[PDB]
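S.K.: The structure is given below, and queries will be raised subsequently.
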Amino acid sequence: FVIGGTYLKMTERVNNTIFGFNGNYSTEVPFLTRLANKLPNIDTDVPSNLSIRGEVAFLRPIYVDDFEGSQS
Amino acid sequence: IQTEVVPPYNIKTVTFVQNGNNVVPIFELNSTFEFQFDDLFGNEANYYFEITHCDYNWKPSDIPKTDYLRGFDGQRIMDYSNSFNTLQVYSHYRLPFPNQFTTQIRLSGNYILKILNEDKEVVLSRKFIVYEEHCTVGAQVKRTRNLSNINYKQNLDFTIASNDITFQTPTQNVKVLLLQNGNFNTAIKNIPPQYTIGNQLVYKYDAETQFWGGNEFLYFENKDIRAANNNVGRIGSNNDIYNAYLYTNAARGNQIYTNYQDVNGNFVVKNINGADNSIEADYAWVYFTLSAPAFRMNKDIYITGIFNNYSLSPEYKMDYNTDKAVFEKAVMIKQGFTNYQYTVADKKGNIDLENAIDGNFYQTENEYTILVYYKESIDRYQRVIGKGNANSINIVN
Amino acid sequence: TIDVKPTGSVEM
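Residue numbers (UniProt numbering), protein chains in the order written: chain A, 770 to 782, 795 to 842, 856 to 866; chain B, 23 to 419; chain C, 134 to 145.
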């Protein structure tokens with residue numbers, strides 16, 4: 770299990798700022814191998830996994859016809 | 023018949039130049055290309071070539087060679103230039119494949135070029151692939167799941183959604199080959215699809231398709247031989263071609279990743295003062311050097327790049343020098359920007375990617391390639407029905 | 134121990 774950070778900030782001389802939150806839960810669930818072995822015959826010992834990662838990652842912050863080309 | 027590569031002795035700088043700069047052998051069905059290599063003799067020898075279609079596992083497929091070609095195989099390389107006005111005299115051979123003899127290569131799939139030397143004896147042989155376009159290999163690197171092997175692994179996940187080739191038995195027909203940068207030795211091949219959610223396959227797991235990160239390639243650019251350019255200090259000319267001594271590298275596995283860009287193995291033969299860089303570059307004994315005091319095993323550190331096929335011959339084996347506790351070996355190399363890396367080998371061919379002397383940092387910029395073989399059970403060969411390139415500047419964890 | 138060696142070339 771791990772948790773995220775990542776504030777950002779971009780300033781021109795656009796001016797945006799992004800910040801989110803990571804998330805990660807990568808677990809071997811040996812319970813599931815046991816359960817799957819409590820079933821019509823499946824005699825295995827291969828592991829199990831439960832990665833549940835995710836994030837949020839919020840965000841916070856012409857001349858259509860400038861008459862120069864006419865009369866070429 | 024697992025026909026494999028064969029490293030030469032005289033011939034050096036063997037590559038597959040396409041559209042100018044060097045490339046990896048993966049080629050399109052009608053893309054032109056060459057096989058520029060360079061003999062280290064003024065002898066304008068006669069190098070007859072060949073081409074052979076091959077299976078997934080590189081057993082030579084049983085097609086008649088009148089079927090995957092139109093023309094000839096054994097005919098000596100017409101075009102070749104001699105090293106003009108250089109210290110190391112060499113004969114630059116070169117052959118375009120849509121040439122006079124084999125006027126095209128008419129079937130996708132694996133191949134193996136042979137450069138047998140004037141009688142029948144294969145001097146060398148390189149492998150390439152001529153991939154056809156029928157699938158849409160949508161790939162993307164992404165960080166692994168297992169938290170232990172997550173800071174130094176790069177899972178690879180993708181699909182194959184073709185609207186041109188209806189797959190017959192995708193679990194048994196559609197075999198896939200995964201290449202880390204352009205290397206054929208560390209490919210993660212022989213992988214069955216997980217899902218097959220429709221007409222499109224989907225490969226998603228993190229057991230097989232999981233490459234070691236591996237740190238970035240080192241380099242050195244001796245554009246001009248007698249210069250003191252990028253980390254080539256103490257260049258000394260002594261009764262021979264020039265000697266380019268490189269700064270003693272350091273094992274980077276025990277350190278943190280530092281943004282250090284490369285071109286993923288490729289070298290750039292080039293010089294200043296030269297009109298045509300191919301026949302006017304000059305070989306130069308470069309003395310490599312590794313200072314890895316943490317490295318202590320019974321495996322051998324081989325030098326490796328794209329200039330030498332990522333090969334592991336004894337002419338690239340680093341050597342421990344007890345006087346300095348520093349590996350070292352000379353390797354004659356043409357001029358120009360050249361990448362490389364120190365890849366341990368087990369003792370014969372086993373690379374041992376983990377525990378590499380450079381590192382395995384998950385965030386390194388590798389360019390993974392995916393080739394989708396395919397064989398209907400009426401066909402006489404394994405096609406290649408599309409590749410999808412996806413590098414690791416997008417590790418979408 | 135400042136073990137550093139500057140290198141490089143210049144032509145005009």
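Even for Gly, the Cβ is constructed at its ideal location relative to N, Cα and C.
Cα separation between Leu375 (chain B) and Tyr857 (chain A)?
M.R.: For the purposes of this step, residue 375 (chain B) is taken as residue 353 along the second sequence, with counting starting at 1. For the purposes of this step, residue 857 (chain A) is taken as residue 63 along the first sequence, with counting starting at 1. Approximately 57 Å between the Cα atoms of the pair.
S.K.: Taking only runs that begin and end inside the segment 257–344 of chain B, name each unbroken alpha helix (DSSP H) of 4 or more residues, in chain order.
M.R.: List check, alpha helix (DSSP H) in window: 299–302.
S.K.: Does the segment 386–397 of chain B touch the segment 313–331 of chain B, meaning 3 or more C-beta pairs lie closer than 8 Å?
M.R.: No, because fewer than three Cβ pairs between the segment 313–331 of chain B and the segment 386–397 of chain B fall closer than 8 Å, the two stretches do not touch.
S.K.: Could I get the ranges of all uninterrupted beta strand (DSSP E) runs contained in the segment 84–141 of chain B, with 3 residues as the minimum, in chain order?
M.R.: Counting only runs of 3 or more, we get 102–104, 113–115, 131–136.
S.K.: Using a beta-carbon distance below 8 Å, is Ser866 (chain A) in contact with chain B?
M.R.: The residue given as residue 866 (chain A) occupies position 72 in the first sequence. Output row for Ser866 (chain A): interface = no.
S.K.: By a C-beta neighbour count over all protein chains shown, 10 Å radius and 16 as the cutoff for buried, is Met100 (chain B) buried or exposed?
M.R.: By 1-based counting over the second sequence, the position of residue 100 (chain B) is 78. Flag for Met100 (chain B) reads exposed.
S.K.: Quick check: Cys157 (chain B) and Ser184 (chain B), are their CB atoms within less than 8 Å of each other?
M.R.: Taking the first residue of the second sequence as 1, we reach residue 157 (chain B) at position 135. Taking the first residue of the second sequence as 1, we reach residue 184 (chain B) at position 162. Yes; because the gap between Cβ atoms is below 8 Å, this pair is in contact.
S.K.: With contact counted as at least three CB pairs below 8 Å, one residue from each stretch, are the segment 169–183 of chain B and the segment 145–154 of chain B in contact?
M.R.: Not touching, per the Cβ criterion.
S.K.: Whole angstroms are fine: how far does the CA of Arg248 (chain B) sit from the CA of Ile257 (chain B)?
M.R.: Against the second sequence, residue 257 (chain B) aligns to sequence position 235. Against the second sequence, residue 248 (chain B) aligns to sequence position 226. Straight-line Cα distance between these residues: approximately 6 Å.
S.K.: Could you check how far apart the C-beta atoms of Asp246 (chain B) and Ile294 (chain B) are, in whole angstroms? I think they sit under 8 Å.
M.R.: Counting from 1 along the second sequence, the entry for residue 246 (chain B) is found at position 224. Counting from 1 along the second sequence, the entry for residue 294 (chain B) is found at position 272. Rounded, the Cβ-Cβ distance is 5 Å, consistent with contact.
S.K.: Along the segment 228–262 of chain B, where does the CB come closer than 7 Å to a CB of chain D? Name the residues.
M.R.: In the displayed structure, chain D is absent; the protein chains listed are A, B and C.
S.K.: Which stretch, first to last residue, makes up the beta strand (DSSP E) that contains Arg405 (chain B)?
M.R.: On the second sequence, position 383 is the one that residue 405 (chain B) refers to. Start and end: 405–409.
S.K.: Considering only DSSP beta bridges, list what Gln232 (chain B) is partnered with.
M.R.: Taking the second sequence and counting its residues from 1, one reaches residue 232 (chain B) at position 210. Note: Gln232 (chain B) sits in a beta bridge opposite B:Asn177.
S.K.: Can you tell me which of the three DSSP states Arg248 (chain B) falls into?
M.R.: To locate residue 248 (chain B), count along the second sequence from 1; it is residue 226. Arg248 (chain B) falls in the coil class under three-state DSSP.
S.K.: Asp345 (chain B): buried (16+ other C-beta within 10 angstroms of its C-beta) or exposed?
M.R.: Taking the second sequence and counting its residues from 1, the one referred to as residue 345 (chain B) is at position 323. With fewer than 16 other Cβ atoms within 10 Å, it is exposed.
S.K.: Could you tell me which residues DSSP pairs with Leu840 (chain A) in its beta bridges?
M.R.: Residue mapping note: residue 840 (chain A) aligns to position 59 of the first sequence, counting from 1. DSSP output for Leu840 (chain A) lists A:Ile799 as bridge partner(s).
S.K.: I want to see whether chain A comes within less than 8 Å of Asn419 (chain B), judged by CB atoms only; does it?
M.R.: Here residue 419 (chain B) is taken as the residue at index 397 of the second sequence, counted from 1. Yes, because at least one Cβ of chain A sits closer than 8 Å to the Cβ of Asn419 (chain B).
S.K.: Along the segment 201–215 of chain B, where does the CB come closer than 7 Å to a CB of chain A? Name the residues.
M.R.: Listed in sequence order: no entries.
S.K.: At what residue ranges does the segment 349–399 of chain B contain a whole run of the beta strand (DSSP E), taking only runs of 3 or more?
M.R.: Here the runs fully enclosed are 360–367, 389–396.
S.K.: Is the number of C-beta pairs between the segment 278–289 of chain B and the segment 354–369 of chain B that are closer than 8 Å three or more?
M.R.: Judged by Cβ distances under 8 Å, the segment 278–289 of chain B makes contact with the segment 354–369 of chain B, as three or more pairs qualify.
S.K.: Determine, using beta carbons only, whether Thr134 (chain C) comes closer than 8 Å to chain B.
M.R.: Residue mapping note: residue 134 (chain C) aligns to position 1 of the third sequence, counting from 1. Answer no: the Cβ-Cβ gap between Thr134 (chain C) and chain B never drops below 8 Å.
S.K.: Using a 10 Å radius around the Cβ and a threshold of 16 neighbouring Cβ atoms, would you call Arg405 (chain B) buried or exposed?
M.R.: Your numbering for residue 405 (chain B) matches position 383 in the second sequence. With 16 or more Cβ atoms within 10 Å of its Cβ, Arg405 (chain B) is classed as buried.
S.K.: Cα separation between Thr37 (chain B) and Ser414 (chain B)?
M.R.: One-based indexing of the second sequence puts residue 37 (chain B) at position 15. One-based indexing of the second sequence puts residue 414 (chain B) at position 392. Those two C-alpha atoms are separated by around 25 Å.
S.K.: Considering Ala817 (chain A), what are the terminal residues of the alpha helix (DSSP H) in which it resides?
M.R.: Within the first sequence, the letter at position 36 stands for residue 817 (chain A). Taken as a continuous stretch (DSSP letters only), the alpha helix (DSSP H) holding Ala817 (chain A) covers 811–818.
S.K.: Just how far apart, CA to CA, sit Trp234 (chain B) and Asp368 (chain B)?
M.R.: Mapped onto the second sequence, residue 234 (chain B) falls at position 212. Mapped onto the second sequence, residue 368 (chain B) falls at position 346. In a straight line, the C-alpha of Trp234 (chain B) is about 16 Å away from that of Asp368 (chain B).
S.K.: Quick one: which chain B residues come within Cβ less than 9 Å of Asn830 (chain A)?
M.R.: Residue 830 (chain A) sits at position 49 when you count from the first residue of the first sequence. Per Cβ cutoff of 9 Å: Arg167, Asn168, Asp228.
S.K.: Would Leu813 (chain A) be called buried (16 or more neighbouring beta carbons within 10 Å of its own) or exposed?
M.R.: Residue mapping note: residue 813 (chain A) aligns to position 32 of the first sequence, counting from 1. The residue is exposed, with fewer than 16 neighbouring Cβ atoms inside 10 Å.
S.K.: Would you tell me roughly how many angstroms separate the C-alpha atoms of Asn796 (chain A) and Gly774 (chain A), rounded to the nearest one?
M.R.: Here residue 796 (chain A) refers to the residue found at position 15 of the first sequence. Here residue 774 (chain A) refers to the residue found at position 5 of the first sequence. Approximately 20 Å, taken between the alpha carbons.
S.K.: Does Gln202 (chain B) come out as helix, strand or coil in the three-state DSSP assignment?
M.R.: Position 180 of the second sequence, counting from 1, holds the residue named residue 202 (chain B). Correct three-state label for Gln202 (chain B): coil.
S.K.: Are there 16 or more other CB atoms within 10 angstroms of the CB of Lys142 (chain B), so buried, or fewer, so exposed?
M.R.: Counted from its first residue, the second sequence places residue 142 (chain B) at position 120. Exposed, because fewer than 16 other Cβ atoms sit within 10 Å of the Cβ of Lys142 (chain B).
S.K.: The alpha helix (DSSP H) spanning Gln162 (chain B) covers which residue range?
M.R.: Translated into the one-based positions of the second sequence, residue 162 (chain B) becomes position 140. Where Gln162 (chain B) is concerned, there is no enclosing alpha helix (DSSP H), although the beta strand (DSSP E) it sits in stretches over 159–164.
S.K.: Is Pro29 (chain B) near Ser335 (chain B), with beta carbons less than 8 Å apart?
M.R.: To locate residue 29 (chain B), count along the second sequence from 1; it is residue 7. To locate residue 335 (chain B), count along the second sequence from 1; it is residue 313. The answer is yes: Cβ separation under 8 Å.
S.K.: Which two residues bound the contiguous alpha helix (DSSP H) that contains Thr74 (chain B)?
M.R.: Along the second sequence, read from residue 1 onward, the residue named residue 74 (chain B) stands at position 52. Careful: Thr74 (chain B) lies outside any alpha helix (DSSP H), inside the beta strand (DSSP E) at 72–76.
S.K.: Would you verify that the beta carbon of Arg782 (chain A) is, or is not, closer than 8 Å to some beta carbon of chain B?
M.R.: Translated into positions along the first sequence, residue 782 (chain A) becomes position 13. Judged by the 8 Å Cβ criterion, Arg782 (chain A) is not in contact with chain B.
S.K.: Is the Cβ-Cβ distance between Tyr153 (chain B) and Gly408 (chain B) less than 8 Å?
M.R.: The sequence position of residue 153 (chain B) within the second sequence is 131, counting from 1. The sequence position of residue 408 (chain B) within the second sequence is 386, counting from 1. Yes, these two residues count as a Cβ contact at 8 Å.
S.K.: Alpha carbon to alpha carbon, how far is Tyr264 (chain B) from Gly255 (chain B)? Give it in angstroms, no decimals.
M.R.: Your numbering for residue 255 (chain B) matches position 233 in the second sequence. Your numbering for residue 264 (chain B) matches position 242 in the second sequence. Going by the C-alpha atoms only, they are around 13 Å apart.
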